[PDB]
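For ligands, and for the atoms within them, numbers begin at 1 and follow the listed sequence. Because only heavy atoms are used, hydrogens play no part in the values below, and waters and symmetry mates are left out as well, while side chains stay in. Below, chain A is the first sequence line, B the second, and so on; all start at residue 1.
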Amino acid sequence: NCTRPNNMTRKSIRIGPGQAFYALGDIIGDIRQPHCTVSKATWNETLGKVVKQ
Amino acid sequence: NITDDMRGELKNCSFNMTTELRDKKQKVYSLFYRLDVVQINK
Amino acid sequence: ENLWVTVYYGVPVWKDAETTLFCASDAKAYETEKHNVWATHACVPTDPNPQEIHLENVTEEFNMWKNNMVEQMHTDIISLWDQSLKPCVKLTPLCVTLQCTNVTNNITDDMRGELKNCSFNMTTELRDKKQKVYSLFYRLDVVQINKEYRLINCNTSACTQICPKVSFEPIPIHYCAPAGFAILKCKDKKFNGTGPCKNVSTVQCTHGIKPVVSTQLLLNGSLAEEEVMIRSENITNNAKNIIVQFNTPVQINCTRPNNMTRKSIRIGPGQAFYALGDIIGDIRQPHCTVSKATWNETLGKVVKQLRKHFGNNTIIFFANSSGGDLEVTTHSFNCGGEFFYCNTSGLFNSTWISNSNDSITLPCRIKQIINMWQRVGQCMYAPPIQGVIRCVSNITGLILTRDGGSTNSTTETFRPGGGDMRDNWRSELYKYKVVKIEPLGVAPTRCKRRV
Ligand SMILES: *[C@@H]1O[C@H](CO)[C@@H](O[C@@H]2O[C@H](CO)[C@@H](O[C@@H]3O[C@H](CO[C@H]4O[C@H](CO)[C@@H](O)[C@H](O)[C@@H]4O)[C@@H](O)[C@H](O[C@H]4O[C@H](CO)[C@@H](O)[C@H](O)[C@@H]4O[C@H]4O[C@H](CO)[C@@H](O)[C@H](O)[C@@H]4O)[C@@H]3O)[C@H](O)[C@H]2NC(C)=O)[C@H](O)[C@H]1NC(C)=O
Ligand SMILES: *[C@@H]1O[C@H](CO)[C@@H](O[C@@H]2O[C@H](CO)[C@@H](O[C@@H]3O[C@H](CO[C@H]4O[C@H](CO)[C@@H](O)[C@H](O)[C@@H]4O)[C@@H](O)[C@H](O[C@H]4O[C@H](CO)[C@@H](O)[C@H](O)[C@@H]4O)[C@@H]3O)[C@H](O)[C@H]2NC(C)=O)[C@H](O)[C@H]1NC(C)=O
Ligand SMILES: *[C@@H]1O[C@H](CO)[C@@H](O[C@@H]2O[C@H](CO)[C@@H](O[C@@H]3O[C@H](CO[C@H]4O[C@H](CO)[C@@H](O)[C@H](O)[C@@H]4O)[C@@H](O)[C@H](O[C@H]4O[C@H](CO)[C@@H](O)[C@H](O)[C@@H]4O)[C@@H]3O)[C@H](O)[C@H]2NC(C)=O)[C@H](O)[C@H]1NC(C)=O
Ligand SMILES: *[C@@H]1O[C@H](CO)[C@@H](O[C@@H]2O[C@H](CO)[C@@H](O[C@@H]3O[C@H](CO[C@H]4O[C@H](CO)[C@@H](O)[C@H](O)[C@@H]4O)[C@@H](O)[C@H](O[C@H]4O[C@H](CO)[C@@H](O)[C@H](O)[C@@H]4O)[C@@H]3O)[C@H](O)[C@H]2NC(C)=O)[C@H](O)[C@H]1NC(C)=O
Ligand SMILES: *[C@@H]1O[C@H](CO)[C@@H](O[C@@H]2O[C@H](CO)[C@@H](O[C@@H]3O[C@H](CO)[C@@H](O)[C@H](O)[C@@H]3O)[C@H](O)[C@H]2NC(C)=O)[C@H](O)[C@H]1NC(C)=O
Ligand SMILES: *[C@@H]1O[C@H](CO)[C@@H](O[C@@H]2O[C@H](CO)[C@@H](O[C@@H]3O[C@H](CO)[C@@H](O)[C@H](O)[C@@H]3O)[C@H](O)[C@H]2NC(C)=O)[C@H](O)[C@H]1NC(C)=O
Ligand SMILES: *[C@@H]1O[C@H](CO)[C@@H](O[C@@H]2O[C@H](CO)[C@@H](O[C@@H]3O[C@H](CO)[C@@H](O)[C@H](O)[C@@H]3O)[C@H](O)[C@H]2NC(C)=O)[C@H](O)[C@H]1NC(C)=O
Ligand SMILES: *[C@@H]1O[C@H](CO)[C@@H](O[C@@H]2O[C@H](CO)[C@@H](O)[C@H](O)[C@H]2NC(C)=O)[C@H](O)[C@H]1NC(C)=O
Ligand SMILES: *[C@@H]1O[C@H](CO)[C@@H](O[C@@H]2O[C@H](CO)[C@@H](O)[C@H](O)[C@H]2NC(C)=O)[C@H](O)[C@H]1NC(C)=O
Ligand SMILES: *[C@@H]1O[C@H](CO)[C@@H](O[C@@H]2O[C@H](CO)[C@@H](O)[C@H](O)[C@H]2NC(C)=O)[C@H](O)[C@H]1NC(C)=O
Ligand SMILES: *[C@@H]1O[C@H](CO)[C@@H](O[C@@H]2O[C@H](CO)[C@@H](O)[C@H](O)[C@H]2NC(C)=O)[C@H](O)[C@H]1NC(C)=O
Ligand SMILES: *[C@@H]1O[C@H](CO)[C@@H](O[C@@H]2O[C@H](CO)[C@@H](O)[C@H](O)[C@H]2NC(C)=O)[C@H](O)[C@H]1NC(C)=O
Ligand SMILES: *[C@@H]1O[C@H](CO)[C@@H](O[C@@H]2O[C@H](CO)[C@@H](O)[C@H](O)[C@H]2NC(C)=O)[C@H](O)[C@H]1NC(C)=O
Ligand SMILES: *[C@@H]1O[C@H](CO)[C@@H](O[C@@H]2O[C@H](CO)[C@@H](O)[C@H](O)[C@H]2NC(C)=O)[C@H](O)[C@H]1NC(C)=O
Ligand SMILES: *[C@@H]1O[C@H](CO)[C@@H](O[C@@H]2O[C@H](CO)[C@@H](O)[C@H](O)[C@H]2NC(C)=O)[C@H](O)[C@H]1NC(C)=O
Ligand SMILES: *[C@@H]1O[C@H](CO)[C@@H](O[C@@H]2O[C@H](CO)[C@@H](O)[C@H](O)[C@H]2NC(C)=O)[C@H](O)[C@H]1NC(C)=O
Ligand SMILES: *[C@@H]1O[C@H](CO)[C@@H](O)[C@H](O)[C@H]1NC(C)=O
């Protein structure tokens, strides 16, 4: 399970005729590190099987 | 309101940019990830 | 008796099908050397003596509203225009602030505020130098930013200037079928676009079709042979457009009387922008003219043909367009390279109840920034044409729309319509269909193979 918890806002900036650049406008709330999570037991079992092979 | 692990990861960068009119410039700002920018020499 | 299967290869059998036709043009275009898009990118020489074979005993079902020929022609013309515009100049630097004043030097009251004298700074062949230049812009091609103006397209896309060496004038185009396919043609005089045809032929190529781009009025097209023809996918559905084909043409004379000067401005290395320099003489409204009596007779014939579907006693109203943008609300066309949009309110302003050179005059406006095919983001800039412009064309048909009517059934009102060019192509391809040959047949005989 991977997540970016920061609530991000997309801002359009017109840089030319019909040319728009989509930037990060603001962060709503606190800023936290995006992270992934995996079960320890499942990963340990999978690694054990890999080692056995 | 950042955490200690996310310190310096995001940067608030202001710059002048072109507009739909070739003779006009707009001062804008954005947020850039630390990995996407490099110091030239603030 | 004893009968056995027998195989025949090359039997005259066919099925309805879709394929990719090719296009042919006469050698005359190759002799112009004006680089017509069709003759340059798509088409090949036309056969001096095209083959038409009349199919005796054959009765074939036609439907002009489900003909892939129209879709292929629409795609082809759009692609060819884009291809011709690819190598042309892109007017990105033209998107700058404009300081615009009026042009009041001998103008008429009707043309007040239509033209603007705009000064601006522009790039030169040297990247580090700027030149202060001026031009004349039509009121429709500019919009006020806040005396400060900008081109209408600057917030959508950059316009591509039409190369003056390229010609978009409509030359006849023939559509021809490849191997394994045939083009069937209905020669019935009173064919309404759908149903059986008893006088059928097969043709290598279609007749010369001129891809004329116009709205509210079909120009320089084919005429009906006996009477005015009304065609609609479903006449009782007011949401379906009605294509009207005339049996006699109506002459229309359109003119821009203003004597215009073309000025070249060097905006980059090898990049030239063609602007309107000055107007020589007085400024008058461009206009079109049609004979009142001829138009009245044509409208009477159209009403007579419509009463066959909407009643002998129903009152018929011809009113102007309801709403939309300039292309749909006006008769739009190209005259000598300039893009005209004419007010047709004087043409559809009539009442019919079922019971001399006044020369109806239609005021017209001109545009230089053109959005074709109802697209967005691919605007095109038309450079001005030097001198005085006059063109004469034939109205051969109409595109109409019927109002809901509220189901009262007492009256019916018709308004000019258009926009979708597919109807324009249908006005010419209604009599053609494409079929795929099935050359294998199996039949019983007394012939038995040897053992
Ligand atoms: C429905 O159908 C009708 C008839 O088919 C059609 O009207 C025709 O329109 C075309 C184009 O608008 C007309 O062709 C133009 O005619 C003008 C007038 O010149 C007359 O006199 C000369 C004298 O020799 C004749 O050769 C000529 O045939 C005319 O009788 C010409 O000046 C045009 O040529 C110039 O423009 C061409 C296109 O740009 C160039 O290829 C050509 O070399 C000429 O260049 C001139 O203009 C350039 C700028 O464009 C400039 O740079 C050059 O230096 C030069 O000044 C062109 O041949 C034709 O005459 C009309 N026919 C009739 C009977 O009216 C309708 O337009 C059509 N309706 C629709 C909606 O399509
Ligand atoms: C990245 O960097 C940019 C630029 O540095 C930051 O953008 C600035 O954000 C601040 C804070 O939001 C802005 O300052 C605030 O603007 C509010 C909006 O008011 C506008 O209109 C008034 C009236 O005309 C102007 O005076 C004002 O300048 C603004 O144009 C003001 O309401 C704020 O003041 C009031 O409210 C605060 C909060 O309640 C009070 O403390 C004050 O006393 C006062 O009552 C304040 O001035 C600033 O204008 C923004 N600049 C730009 C260029 O947009 C981003 O926030 C930053 N992002 C991150 C994530 O760091
Ligand atoms: C759209 O807008 C542009 C710019 O505003 C207009 O261009 C201007 O047109 C006016 C009128 O033609 C120009 O002014 C006239 O210029 C004539 C040319 O002389 C040139 O050389 C002399 C000598 O070096 C310079 O002094 C002068 O500035 C020019 O560079 C002059 O001869 C005119 O004055 C003389 O003649 C008139 C008429 O006979 C007399 O009344 C005077 O008293 C004097 O004897 C006059 O100065 C102007 O220079 C143009 N500007 C530019 C930038 O080109 C367009 O005309 C306008 N178009 C429309 C349709 O509105
Ligand atoms: C060419 O164009 C015409 C005009 O659009 C079409 O004629 C329409 O055909 C539709 C479909 O048959 C008609 O709608 C149906 O009408 C039936 C008759 O009811 C009449 O009276 C009621 C009174 O309340 C009106 O509401 C109704 O509009 C009719 O005037 C109804 O019984 C139908 O209802 C059933 O079907 C609908 C649609 O599936 C369901 O939603 C209902 O719940 C119900 O099961 C239906 O409303 C329409 O009235 C016709 N209009 C006219 C002007 O005649 C042609 O069909 C078309 N031809 C082709 C080949 O496409
Ligand atoms: C966007 O563009 C503007 C205009 O080019 C930039 O502002 C300009 O910044 C320069 C450098 O800071 C200023 O010149 C300096 O001025 C100071 C006095 O404040 C002087 O001591 C220095 O010697 C130098 O001359 C200039 O005046 C200023 N112009 C303005 C504000 O109109 C702006 O910095 C640009 N933005 C970004 C994000 O780069
Ligand atoms: C083409 O570019 C030139 C140069 O950029 C433009 O001229 C410049 O116009 C600005 C705005 O009018 C001038 O600045 C202003 O000057 C006045 C005094 O006249 C002052 O009161 C204002 O506060 C402001 O500073 C600038 O001086 C001027 N530069 C010149 C003439 O060299 C010109 O307007 C541009 N043309 C078009 C059609 O946009
Ligand atoms: C559509 O058709 C109607 C009816 O023909 C046009 O309205 C009519 O226009 C004529 C000519 O302008 C009017 O006659 C004028 O009457 C005034 C006042 O009596 C008189 O001073 C003039 O000398 C001229 O005789 C007529 O009254 C008027 N009728 C109505 C009911 O409005 C209408 O202009 C047409 N629309 C278009 C776009 O052609
Ligand atoms: C991310 O931020 C946006 C904007 O602040 C949030 O959108 C708001 O959602 C609430 C309901 O949760 C509404 O009442 C507000 O009107 C919304 N504001 C807008 C759309 O401007 C969004 O909910 C936030 N997402 C998370 C996961 O926190
Ligand atoms: C990854 O996310 C899923 C949900 O998308 C988590 O599944 C939930 O697990 C908890 C605890 O076992 C249950 O109570 C929920 O009913 C589950 N929801 C589901 C399956 O939709 C899963 O545990 C997460 N894995 C992690 C965080 O490692
Ligand atoms: C702005 O961000 C930069 C980059 O993270 C900060 O530079 C670091 O600051 C910390 C805290 O003082 C020092 O320990 C580091 O040595 C600095 N350099 C690096 C590469 O991390 C800077 O301090 C920040 N300034 C402010 C005012 O927030
Ligand atoms: C310059 O042109 C504009 C656009 O036509 C004029 O603006 C109009 O002027 C008339 C006459 O005074 C007014 O009745 C209108 O209300 C104005 N606006 C519009 C949208 O038409 C302007 O007057 C012209 N100025 C000069 C000096 O010629
Ligand atoms: C507009 O229609 C008229 C009348 O049909 C055309 O003039 C005729 O053109 C044919 C061409 O073969 C000549 O044979 C006739 O002699 C011409 N006159 C008449 C009275 O028929 C005219 O060419 C058409 N114009 C366009 C642009 O198609
Ligand atoms: C074109 O003509 C065909 C017949 O040649 C019309 O189709 C018939 O329409 C009537 C109703 O008006 C039906 O009762 C018949 O069953 C239809 N027969 C066939 C073979 O289609 C068609 O409606 C006409 N289209 C028009 C006038 O737009
Ligand atoms: C449009 O304007 C140009 C330029 O003023 C006119 O060209 C002139 O034509 C006359 C003959 O009519 C010549 O004597 C001049 O030498 C020409 N001047 C040039 C070419 O600069 C042209 O005649 C005008 N056209 C109309 C229809 O009025
Ligand atoms: C459209 O223009 C043509 C000429 O290009 C006009 O035809 C002329 O008509 C007048 C009056 O009937 C005749 O005297 C001329 O001999 C005709 N010239 C031709 C046919 O070359 C036609 O009348 C115009 N139609 C309008 C203005 O509605
Ligand atoms: C086309 O011409 C007609 C009549 O010549 C114009 O009709 C006028 O439209 C205005 C604007 O809606 C109405 O207030 C008037 O009632 C109409 N006057 C007449 C004479 O009927 C019409 O405006 C023109 N079309 C456009 C869009 O300019
Ligand atoms: C149609 O005519 C009416 C009345 O003259 C006018 O208000 C309307 O603007 C006209 N529509 C178009 C598209 O010209």
Side-chain angles (χ1 to χ4, degrees), chain C residues 59-66 98-107 110-122 131-139 147 149 186 188-199 224 227-238 240-245 258-263 265 275-283 287-290 292 295-296 299 305-311 317-321 329-331 342-352 358-364 384 400 402 413 415-416 426 430-431:
Chain C
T59 298
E60 184 71 8
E61 205 94 344
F62 285 76
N63 188 7
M64 61 172 288
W65 309 106
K66 283 159 202 90
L98 314 169
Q99 305 282 142
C100 303
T101 52
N102 276 266
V103 190
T104 45
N105 305 10
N106 278 194
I107 68 178
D110 50 25
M111 278 286 276
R112 251 169 210 296
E114 189 64 30
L115 271 157
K116 302 214 118 63
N117 193 349
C118 296
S119 269
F120 51 102
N121 287 310
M122 181 53 52
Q131 59 181 323
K132 179 170 171 156
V133 290
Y134 78 86
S135 164
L136 303 174
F137 288 111
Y138 286 110
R139 168 67 254 211
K147 252 191 64 41
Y149 290 75
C186 178
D188 285 2
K189 313 268 189 177
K190 292 177 176 181
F191 176 61
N192 76 7
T194 306
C197 192
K198 307 224 155 245
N199 195 10
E227 66 187 345
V228 164
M229 300 286 332
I230 309 301
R231 298 178 169 117
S232 195
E233 187 165 15
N234 179 359
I235 193 67
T236 56
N237 182 2
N238 81 88
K240 296 292 172 181
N241 285 328
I242 294 138
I243 300 174
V244 177
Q245 184 176 40
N258 299 336
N259 192 349
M260 306 287 224
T261 50
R262 176 189 286 209
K263 165 165 57 176
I265 296 163
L276 293 174
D278 209 291
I279 286 135
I280 304 153
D282 317 273
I283 289 154
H287 64 281
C288 298
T289 48
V290 317
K292 205 173 85 148
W295 185 249
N296 186 64
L299 279 199
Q305 294 304 313
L306 286 163
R307 291 205 144 109
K308 297 192 192 177
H309 302 97
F310 295 106
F317 287 123
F318 281 117
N320 67 350
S321 175
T329 61
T330 60
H331 167 45
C342 297
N343 190 1
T344 47
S345 285
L347 289 188
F348 315 93
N349 187 29
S350 325
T351 295
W352 307 78
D358 279 329
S359 271
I360 300 157
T361 295
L362 323 166
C364 306
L400 301 178
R402 200 172 44 92
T413 171
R415 297 168 189 286
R426 275 185 201 104
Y430 70 96
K431 57 165 53 162

I need the nearest protein heavy-atom contact for [atom]: residue, atom name and distance, please.
| atom | result |
| --- | --- |
| atom 20 (C) of ligand 13 | C:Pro196 CD, 4.4 Å |
| atom 56 (O) of ligand 3 | C:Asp278 OD2, 4.2 Å |
| atom 22 (C) of ligand 13 | C:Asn192 ND2, 3.8 Å |
| atom 60 (C) of ligand 3 | C:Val103 CG1, 3.8 Å |

Worksheet item: Heavy atoms only: which of C:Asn349, C:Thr361, C:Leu362 is nearest to atom 6 (C) of ligand 7?
Response: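 It is C:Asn349 whose heavy atom sits nearest to atom 6 (C) of ligand 7.
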Any protein heavy-atom neighbour for [atom] (distance below 4.0 angstrom)?
| atom | answer |
| --- | --- |
| atom 34 (O) of ligand 3 | no |
| atom 1 (C) of ligand 13 | yes |
| atom 28 (O) of ligand 13 | yes |
| atom 17 (C) of ligand 13 | no |
| atom 25 (N) of ligand 13 | yes |

Discussion item. Less than 4.0 Å is my threshold; does some heavy atom of C:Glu233 fall inside it relative to ligand 13?
Written reply: no
Worksheet item: Should C:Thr194 be listed as contacting ligand 13, given a heavy-atom distance under 4.0 Å as the test?
Response: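 It does; at least one heavy atom falls under 4.0 Å.
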Fill in: Spatial distance of atom CG (C:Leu115) from atom CE (C:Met260) [nearest 0.5 Å]
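If I round to the nearest 0.5 Å, the distance is 5.5 Å.
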Worksheet entry | Distance (rounded to the nearest 0.5 Å) between C:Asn63 CG and C:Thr194 OG1 | 4.0 Å
Discussion item. Only heavy atoms of C:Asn117, strictly under 4.0 Å: list the atoms of ligand 3 that pass.
Written reply: 1 (C), 2 (O), 3 (C), 55 (C), 57 (C), 58 (N), 59 (C), 61 (O)
Worksheet entry | Interfacing atoms of ligand 3 (cut-off 4.0 Å, heavy-atom, C:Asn105) |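 Heavy-atom distances to C:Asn105 below 4.0 Å select 61 (O).
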Item to complete: Answer yes or no: is there an ion pair linking C:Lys189 with C:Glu227, defined by an N-O contact shorter than 4.0 Å?
Response: no
